[PDB]
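Okay, so here's the structure we're looking at.
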Amino acid sequence: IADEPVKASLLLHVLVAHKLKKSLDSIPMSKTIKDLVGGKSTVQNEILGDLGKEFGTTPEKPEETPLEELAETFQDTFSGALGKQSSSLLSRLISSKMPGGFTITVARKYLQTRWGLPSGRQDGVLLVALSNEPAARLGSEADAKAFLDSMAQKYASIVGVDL
Amino acid sequence: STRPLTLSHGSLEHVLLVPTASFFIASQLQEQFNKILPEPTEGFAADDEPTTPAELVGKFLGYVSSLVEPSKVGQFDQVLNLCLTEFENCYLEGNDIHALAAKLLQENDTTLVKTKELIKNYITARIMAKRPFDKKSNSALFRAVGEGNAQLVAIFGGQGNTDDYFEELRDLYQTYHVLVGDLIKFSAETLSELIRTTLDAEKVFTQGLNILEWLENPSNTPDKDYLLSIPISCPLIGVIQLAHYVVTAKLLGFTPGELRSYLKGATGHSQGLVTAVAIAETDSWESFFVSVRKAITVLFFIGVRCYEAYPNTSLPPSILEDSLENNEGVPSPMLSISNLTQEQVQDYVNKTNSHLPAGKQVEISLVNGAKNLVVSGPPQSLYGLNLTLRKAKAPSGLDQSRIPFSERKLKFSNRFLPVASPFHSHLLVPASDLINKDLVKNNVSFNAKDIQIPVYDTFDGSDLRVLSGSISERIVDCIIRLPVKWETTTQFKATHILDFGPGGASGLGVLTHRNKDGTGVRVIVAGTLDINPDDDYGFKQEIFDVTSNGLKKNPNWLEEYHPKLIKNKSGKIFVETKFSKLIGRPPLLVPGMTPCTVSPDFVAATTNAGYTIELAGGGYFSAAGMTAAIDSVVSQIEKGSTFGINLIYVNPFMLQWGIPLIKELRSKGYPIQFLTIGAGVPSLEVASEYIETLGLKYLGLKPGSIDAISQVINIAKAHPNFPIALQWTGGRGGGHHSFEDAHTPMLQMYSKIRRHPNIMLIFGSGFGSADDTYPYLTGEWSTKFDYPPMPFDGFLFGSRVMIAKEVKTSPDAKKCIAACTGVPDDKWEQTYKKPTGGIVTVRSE
Amino acid sequence: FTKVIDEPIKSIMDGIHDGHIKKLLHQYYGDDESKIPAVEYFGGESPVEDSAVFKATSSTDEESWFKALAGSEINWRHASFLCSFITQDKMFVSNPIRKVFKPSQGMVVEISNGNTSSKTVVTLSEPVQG
Ligand SMILES: Cc1cc2nc3c(=O)[nH]c(=O)nc-3n(C[C@H](O)[C@H](O)[C@H](O)COP(=O)(O)O)c2cc1C
């Protein structure tokens, strides 16, 4: 499969979904941050902090504009990078859900071997695996394989690439 | 004689030099700790797993303290004392634990809960080692206050800051158990006694108020909807504020009275005013609990009687689904409304109050700012007002950048607050008499002589010590009935504000910061460890830090950017500004103008007068044509004079010969001092090329919108040493012009621009003298709009210089220019329709 | 404000500049020119001891180095070390004094009479043949 850099659109979708504790389906893309949160402002400041750490600069009043406009504004200065904290979010995902012997290097080289997805797709499949957090000890290595197999299928169905 | 003792967690390690006389006992814990310690992993990103050597020594301190008994002298006291002392010496460089915690967050890959664990361990260790905080700290802030270089004011927030306040109390019981455990246990026992004394109290507490059971075991905690109900939330928000006060008093070693004395004044927002008076009573650690009792007793009787005056009722599902579908919150008795003036909101409430009967009428309850209001009333009546508002607002994803400012549809927000009772409204009035009858039964008075510091009234902003009658009757009256004029009540002069209230960064402090930006007031959020990336307001670490970072002044724009006079050896007086200091000429520039400044004879004549002027790239079509113009400017200016170039960004044909020609000419050392890119702002990578490769002194950028101003900020942040000239004009300019007001975008962006000291902020459009410009030099221009003064670094004069002797404009065109009467700023937008003051707007190619 | 035709560009700009000076003088210096702080030359200030001896190392900060050599008083040596550009006729080339005193292991800069501008003498010394 051809190496493609991670899209800014699916990154914003994953960060906002993963922070609000919902599925990636339940967050529509044509939606504002004030729309999704509502009256609650505690999570507003840490969401705006998660946009300001991931890309660096943000447009003015980013909470009152759809995530479509944020995706097209951020993609212009965004090139394949995983930011800073989203590498600590997948580090927390595999040290708490993935079992022993499931280091990123082992899951990365395996889904490069079997599936054939390069580093630009590996990022995308790890972000899809984070968005629908299993919230369960995946002790069985093989059940955790079926997990990343179902998350490589979800990434393939979203982006629109045959496998 | 000391033996090394290594304790480790994978890669990260620490070696204690423990005396051999206590090595056998200290070696014991090293394996038990390493048994308790989980399996070392990559990155240490798992929970309950130390990330840095500091956290590890922390986890050890925590584990050792868990075995030490305070009452009985144990064998482990000796091993605790030297591992604590080692941690202090090797990490706390004379500083506080909160400064360490804050350092481990922004450098290391440590998450918030790990630092919260570290703090708890260190503090528990310190109290278990029988080493209470009795030595007064050397915190930079309280040193400064002693000297008289900083005045503190303690503000206490109230309701509506968070739907999840109770977890803020849980964090205090977890992290600072030892400091506030006794306070919390006292308040819980006080509240339980007040339930058994008041006749119908038990009716209101359906799931009880056993707050010790809810803190020890999270699962037995009731749902957020119960916790939000005022009879719980009112006293408990009181406790959280007092717990944050106590933690601050204890970790600085002060008594409450000493800490209260160090404050110039103290006020609070809504029920926060009860806690602000409660501390102004206090003195010694032994006489604290009598002030606390009064405070908790007031908030309990407000909570109970204000619930029995207006209990929340089930809301029709039709209103709920309409609200959620149309992207509002769950309706509540208090509606927040941003970005509308109070007169505007008062119109929209008069519309709604005209139809409704007396006992269903909304009213403005809080003025939290110029344009930040909270309406209180029945949740339906506010959903009524919310429909009226939705009808009269623009869609949030609308592009009005192409519509003249004056005709734009005003865009605002309106959300329901996470509160459960309409505070500061006619609906709670029946409770007033009942509350006061109950405070006199429980012998809960505040007396004016006992209040050591001034306590500012939320209505009129006056001190409560000068009040005639009962102060408690005025506190009740200011919470349940009278509105809160927050900008009136925070008129006090202070360099620092301590926000103890709940909500942390979503609390009263950050709102007060917004309201005071550029007046040289630093808000410190006293109840939250965190890191502000902007660093515009402080966090809990600032209070306890002993280095300079503790005492951080927020800029006062009037003083920071004061225009000054300065003379050179010769005698020539200059106006000194950020801009004139750089270029060593008056802060007045004639901008690039096609065709006024395409002439080399005018660019020479304005350079020779000693003023900066851009040669206009708009009037040249090749490098040879511009090279020949420039050569004519250099042949006409004096030795060591300079000038600039204006290249149009929307003309990519001009840029592809323009930029290489500048690069070439600067390599030959032609006196091109700067480049202005007009008609659009470059991208970061193109700007980064222009800044690095052209060998320029500065770069002019003429943003049109707020989006463009953000792109200038971003360019300046990526090259923090290179000077950027942000030449701001409104739509009232000559030539190609935007739709934008000259004032409104600067009012919004001034603060952000000023965060970047390499931006020289130049003002243009509508200037022709020293009288119209002066209010922008001195910054008084922004006082008309109720903002603090916003001084500018320089001015540009396009239209004004078009009838000068040296301009190539034809004599009949000069007479035609001079015959235009013009118009003032408020009329200019008429140019879109008809000839306004001799001038009209037309579309280009 | 565009009323008076064929006013010389000096007369317009000076009028605005002087207008500001006259208004600031009255408001902030009590209409007294003698309260205006003087310098030698006004310009080239980015918006961001008599007898001394400096010793350049490998790790010496270029900007700190030049600031130290320059001194605090605005005078000829302040320009010499902090001007980024000097003039050859009408051209603007890189300040050769900053290139020459660019800090490197071995270099020793002895300043004598660094209080009086008239008499100041910045001496650079290097290992020459050991
Ligand atoms: C005749 C004329 C020509 C102009 N030509 C240009 C130009 O080529 N590029 C540019 O960025 N701005 C141009 N401007 C805008 C000026 O740079 C400046 O923003 C404007 O003149 C300020 O408004 P004011 O004219 O009311 O003083 C022009 C303005 C005028 C009046």
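Following the order of the structure tokens, chains are lettered A, B, ..., residues in each are numbered from 1, and ligands are numbered from 1.
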From a DSSP calculation on the backbone, collect every residue of range 54-100 of chain C in strand (DSSP E) and output the set as a ChimeraX atom specification. /C:54-55,85-88,91-94
Those of range 48-136 of chain A in DSSP alpha helix (DSSP H), formatted as a PyMOL selection string: chain A and resi 48-54+67-74+86-96+104-113+119-131
Write out, as a short mmCIF file (atom, residue, chain, number, x, y, z; two decimals), in the first residue's frame, the residues just selected, with N, CA and C atoms.
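Full text of result_8.cif as output:
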```cif
data_model
loop_
_atom_site.label_atom_id
_atom_site.label_comp_id
_atom_site.auth_asym_id
_atom_site.auth_seq_id
_atom_site.Cartn_x
_atom_site.Cartn_y
_atom_site.Cartn_z
N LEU A 48 -8.84 23.20 23.50
CA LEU A 48 -8.13 24.33 22.85
C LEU A 48 -6.61 24.23 23.11
N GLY A 49 -6.22 23.69 24.28
CA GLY A 49 -4.83 23.34 24.62
C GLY A 49 -4.31 22.17 23.79
N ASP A 50 -5.18 21.21 23.44
CA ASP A 50 -4.86 20.01 22.61
C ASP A 50 -4.75 20.39 21.12
N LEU A 51 -5.42 21.45 20.67
CA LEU A 51 -5.25 22.03 19.30
C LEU A 51 -3.96 22.87 19.25
N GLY A 52 -3.64 23.60 20.33
CA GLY A 52 -2.49 24.52 20.43
C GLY A 52 -1.15 23.82 20.65
N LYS A 53 -1.16 22.57 21.13
CA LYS A 53 0.05 21.71 21.31
C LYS A 53 0.32 20.88 20.04
N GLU A 54 -0.73 20.45 19.33
CA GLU A 54 -0.66 19.47 18.22
C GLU A 54 -0.11 20.15 16.96
N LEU A 67 -15.39 22.07 12.41
CA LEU A 67 -14.12 21.28 12.35
C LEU A 67 -13.69 21.06 10.89
N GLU A 68 -14.60 21.24 9.92
CA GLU A 68 -14.29 21.28 8.46
C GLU A 68 -13.32 22.44 8.17
N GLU A 69 -13.64 23.65 8.66
CA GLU A 69 -12.82 24.89 8.49
C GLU A 69 -11.50 24.78 9.26
N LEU A 70 -11.49 24.12 10.43
CA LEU A 70 -10.25 23.87 11.23
C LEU A 70 -9.35 22.88 10.48
N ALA A 71 -9.93 21.83 9.87
CA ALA A 71 -9.21 20.77 9.11
C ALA A 71 -8.52 21.36 7.86
N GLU A 72 -9.20 22.23 7.11
CA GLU A 72 -8.66 22.87 5.87
C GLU A 72 -7.66 23.98 6.23
N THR A 73 -7.79 24.62 7.40
CA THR A 73 -6.87 25.68 7.91
C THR A 73 -5.58 25.04 8.46
N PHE A 74 -5.68 23.89 9.14
CA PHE A 74 -4.54 23.20 9.81
C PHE A 74 -3.72 22.38 8.81
N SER A 86 0.07 13.54 21.25
CA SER A 86 -0.63 12.39 20.59
C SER A 86 0.28 11.16 20.49
N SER A 87 1.61 11.34 20.64
CA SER A 87 2.61 10.24 20.80
C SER A 87 2.64 9.73 22.25
N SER A 88 2.26 10.56 23.23
CA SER A 88 2.07 10.18 24.66
C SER A 88 0.67 9.58 24.90
N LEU A 89 -0.32 9.89 24.04
CA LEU A 89 -1.71 9.35 24.12
C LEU A 89 -1.72 7.89 23.64
N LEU A 90 -1.03 7.58 22.53
CA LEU A 90 -0.85 6.18 22.03
C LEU A 90 0.14 5.41 22.93
N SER A 91 1.05 6.10 23.63
CA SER A 91 1.97 5.50 24.65
C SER A 91 1.16 5.05 25.87
N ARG A 92 0.15 5.83 26.28
CA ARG A 92 -0.80 5.50 27.38
C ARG A 92 -1.78 4.41 26.91
N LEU A 93 -2.17 4.40 25.63
CA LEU A 93 -3.10 3.40 25.05
C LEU A 93 -2.47 1.99 25.08
N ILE A 94 -1.17 1.87 24.85
CA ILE A 94 -0.54 0.55 24.75
C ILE A 94 0.10 0.08 26.04
N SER A 95 0.19 0.97 27.01
CA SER A 95 0.75 0.59 28.29
C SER A 95 -0.39 0.28 29.24
N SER A 96 -1.62 0.50 28.78
CA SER A 96 -2.77 0.25 29.63
C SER A 96 -3.79 -0.70 29.01
N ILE A 104 5.01 -0.60 20.55
CA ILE A 104 4.64 -0.01 19.28
C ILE A 104 5.46 -0.64 18.17
N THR A 105 6.77 -0.76 18.37
CA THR A 105 7.68 -1.32 17.33
C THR A 105 7.16 -2.68 16.82
N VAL A 106 6.63 -3.53 17.71
CA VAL A 106 6.17 -4.92 17.40
C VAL A 106 4.84 -4.87 16.63
N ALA A 107 3.90 -4.01 17.05
CA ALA A 107 2.59 -3.78 16.39
C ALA A 107 2.79 -3.07 15.04
N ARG A 108 3.76 -2.15 14.94
CA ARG A 108 4.12 -1.37 13.71
C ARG A 108 4.72 -2.29 12.64
N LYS A 109 5.71 -3.12 13.00
CA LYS A 109 6.43 -4.05 12.07
C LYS A 109 5.50 -5.19 11.62
N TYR A 110 4.56 -5.62 12.48
CA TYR A 110 3.59 -6.72 12.21
C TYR A 110 2.52 -6.27 11.20
N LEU A 111 1.93 -5.08 11.39
CA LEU A 111 0.90 -4.50 10.47
C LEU A 111 1.58 -3.85 9.24
N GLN A 112 2.93 -3.80 9.20
CA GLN A 112 3.74 -3.56 7.98
C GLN A 112 3.99 -4.89 7.25
N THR A 113 4.20 -5.98 7.99
CA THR A 113 4.42 -7.36 7.46
C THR A 113 3.12 -7.88 6.83
N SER A 119 4.37 3.84 7.37
CA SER A 119 4.40 4.74 8.55
C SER A 119 3.27 5.78 8.52
N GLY A 120 2.93 6.31 7.34
CA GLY A 120 1.84 7.28 7.13
C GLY A 120 0.46 6.68 7.36
N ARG A 121 0.30 5.37 7.11
CA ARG A 121 -0.94 4.58 7.35
C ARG A 121 -0.94 4.02 8.78
N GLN A 122 0.23 3.58 9.29
CA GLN A 122 0.44 3.09 10.68
C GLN A 122 -0.10 4.12 11.68
N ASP A 123 0.26 5.40 11.49
CA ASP A 123 -0.22 6.57 12.28
C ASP A 123 -1.75 6.58 12.27
N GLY A 124 -2.35 6.55 11.07
CA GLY A 124 -3.81 6.56 10.84
C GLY A 124 -4.54 5.42 11.54
N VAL A 125 -3.98 4.19 11.51
CA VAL A 125 -4.58 2.97 12.14
C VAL A 125 -4.45 3.05 13.67
N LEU A 126 -3.35 3.63 14.19
CA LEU A 126 -3.12 3.84 15.65
C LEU A 126 -4.07 4.92 16.19
N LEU A 127 -4.37 5.96 15.40
CA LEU A 127 -5.34 7.04 15.75
C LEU A 127 -6.78 6.50 15.76
N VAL A 128 -7.12 5.59 14.83
CA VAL A 128 -8.45 4.91 14.76
C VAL A 128 -8.60 3.96 15.96
N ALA A 129 -7.51 3.29 16.38
CA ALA A 129 -7.45 2.37 17.55
C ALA A 129 -7.61 3.15 18.86
N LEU A 130 -7.11 4.39 18.91
CA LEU A 130 -7.20 5.31 20.08
C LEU A 130 -8.62 5.87 20.23
N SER A 131 -9.27 6.24 19.11
CA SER A 131 -10.61 6.89 19.06
C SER A 131 -11.69 5.96 19.64
#
```
Taking only C-alpha atoms into account, report as an MDAnalysis selection string which residues of chain B lie within 8 Å of chain C. chainID B and resid 564:570 573:575 578:586 588 605:606 609 611 634 638:641 668:671 721 723 757:760 767:771 774 799:806 814:815 817:819
Set the cut-off to 7 Å and count only C-alpha atoms: what are the residues of chain B that reach chain A? Output as a PyMOL selection string. chain B and resi 45-46+162-163+327-329+396-397+415-418+506+707+710+714
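Across the model, the gap from CA of residue 309 in chain B to CA of residue 430 in chain B is 6.3 Å.
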Ligand 1: which residues are within 6 Å, counting only C-alpha atoms and all ligand atoms? Reply as JSON, numbers by chain. {"B": [591, 592, 593, 594, 595, 596, 616, 618, 678, 679, 729, 733, 734, 735, 764, 765, 766, 767, 797, 798, 799, 800]}
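Candidate residues C:105, C:120, C:27, C:77 were compared for distance to residue 59 in chain C, and the nearest is C:105, using only C-alpha atoms.
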Distance query residue 76 in chain C at most 12 Å, only C-alpha atoms, self and fewer than 6 positions along chain excluded, as a ChimeraX atom specification: /C:39-41,69-70,82-83,114,116-122
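Our summary of the geometry notes that CA of residue 139 in chain A is positioned 26.6 Å from CA of residue 25 in chain A.
Rounded to one decimal, CA of residue 442 in chain B and CA of residue 310 in chain B lie 23.6 Å from each other.
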Using only C-alpha atoms, determine which residues lie at most 9 Å from residue 23 in chain B, disregarding the query and same-chain residues fewer than 4 positions distant; provide the list as a PDB file with N, CA, C and O atoms, in the first residue's frame.
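Contents of the output file selection27.pdb:
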```
ATOM      1  N   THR B   2      28.930   6.132  55.175  1.00  0.00           N
ATOM      2  CA  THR B   2      27.634   5.979  54.452  1.00  0.00           C
ATOM      3  C   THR B   2      27.781   4.959  53.313  1.00  0.00           C
ATOM      4  O   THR B   2      28.776   5.056  52.564  1.00  0.00           O
ATOM      5  N   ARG B   3      26.813   4.044  53.176  1.00  0.00           N
ATOM      6  CA  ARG B   3      26.769   3.010  52.106  1.00  0.00           C
ATOM      7  C   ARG B   3      25.801   3.441  51.004  1.00  0.00           C
ATOM      8  O   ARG B   3      24.689   3.867  51.306  1.00  0.00           O
ATOM      9  N   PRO B   4      26.184   3.356  49.703  1.00  0.00           N
ATOM     10  CA  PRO B   4      25.226   3.503  48.603  1.00  0.00           C
ATOM     11  C   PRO B   4      24.059   2.500  48.666  1.00  0.00           C
ATOM     12  O   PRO B   4      24.292   1.355  49.011  1.00  0.00           O
ATOM     13  N   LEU B   5      22.847   2.970  48.338  1.00  0.00           N
ATOM     14  CA  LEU B   5      21.589   2.175  48.234  1.00  0.00           C
ATOM     15  C   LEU B   5      20.838   2.621  46.974  1.00  0.00           C
ATOM     16  O   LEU B   5      20.144   3.656  47.026  1.00  0.00           O
ATOM     17  N   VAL B  18      22.894   6.451  52.341  1.00  0.00           N
ATOM     18  CA  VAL B  18      22.300   6.138  53.678  1.00  0.00           C
ATOM     19  C   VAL B  18      23.420   5.716  54.631  1.00  0.00           C
ATOM     20  O   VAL B  18      24.279   4.924  54.246  1.00  0.00           O
ATOM     21  N   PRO B  19      23.473   6.240  55.884  1.00  0.00           N
ATOM     22  CA  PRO B  19      24.454   5.787  56.875  1.00  0.00           C
ATOM     23  C   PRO B  19      24.366   4.272  57.127  1.00  0.00           C
ATOM     24  O   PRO B  19      23.256   3.778  57.256  1.00  0.00           O
ATOM     25  N   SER B  27      17.507  -1.020  53.582  1.00  0.00           N
ATOM     26  CA  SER B  27      17.652  -2.053  52.518  1.00  0.00           C
ATOM     27  C   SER B  27      16.375  -2.892  52.431  1.00  0.00           C
ATOM     28  O   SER B  27      16.037  -3.323  51.315  1.00  0.00           O
ATOM     29  N   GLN B  28      15.709  -3.112  53.573  1.00  0.00           N
ATOM     30  CA  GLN B  28      14.442  -3.885  53.702  1.00  0.00           C
ATOM     31  C   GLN B  28      13.365  -3.280  52.795  1.00  0.00           C
ATOM     32  O   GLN B  28      12.769  -4.031  51.997  1.00  0.00           O
ATOM     33  N   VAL B  79      14.796   6.403  58.504  1.00  0.00           N
ATOM     34  CA  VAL B  79      14.933   6.178  57.031  1.00  0.00           C
ATOM     35  C   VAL B  79      14.069   7.195  56.272  1.00  0.00           C
ATOM     36  O   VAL B  79      14.494   7.598  55.173  1.00  0.00           O
TER      37      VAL B  79
END
```
Any idea what's packed within 8 Å of residue 558 in chain B, counting only C-alpha atoms, ignoring anything in its chain fewer than 3 positions away? Could you give it as an mmCIF file with C-alpha atoms, in the first residue's frame?
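Produced file out-v7.cif, reproduced below:
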```cif
data_model
loop_
_atom_site.group_PDB
_atom_site.id
_atom_site.type_symbol
_atom_site.label_atom_id
_atom_site.label_comp_id
_atom_site.auth_asym_id
_atom_site.auth_seq_id
_atom_site.Cartn_x
_atom_site.Cartn_y
_atom_site.Cartn_z
ATOM 1 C CA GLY B 518 -3.275 45.499 29.785
ATOM 2 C CA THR B 519 -3.897 47.292 33.184
ATOM 3 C CA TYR B 561 4.589 51.428 25.321
ATOM 4 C CA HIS B 562 4.546 55.029 26.682
ATOM 5 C CA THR B 778 -0.718 58.160 23.777
ATOM 6 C CA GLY B 779 -3.250 55.271 23.703
ATOM 7 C CA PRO B 788 -7.375 50.403 28.798
ATOM 8 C CA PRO B 789 -5.001 52.649 26.798
ATOM 9 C CA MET B 790 -3.439 50.900 23.735
ATOM 10 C CA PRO B 791 -0.476 52.944 22.467
#
```
Residues within 12 Å of residue 214 in chain B, only C-alpha atoms, excluding chain neighbours under 3 positions, as a list in words: residues 166, 167, 169, 170, 173, 188, 207, 208, 209, 210, 211, 217, 218, 219, 220, 221, 222, 223 and 227 of chain B
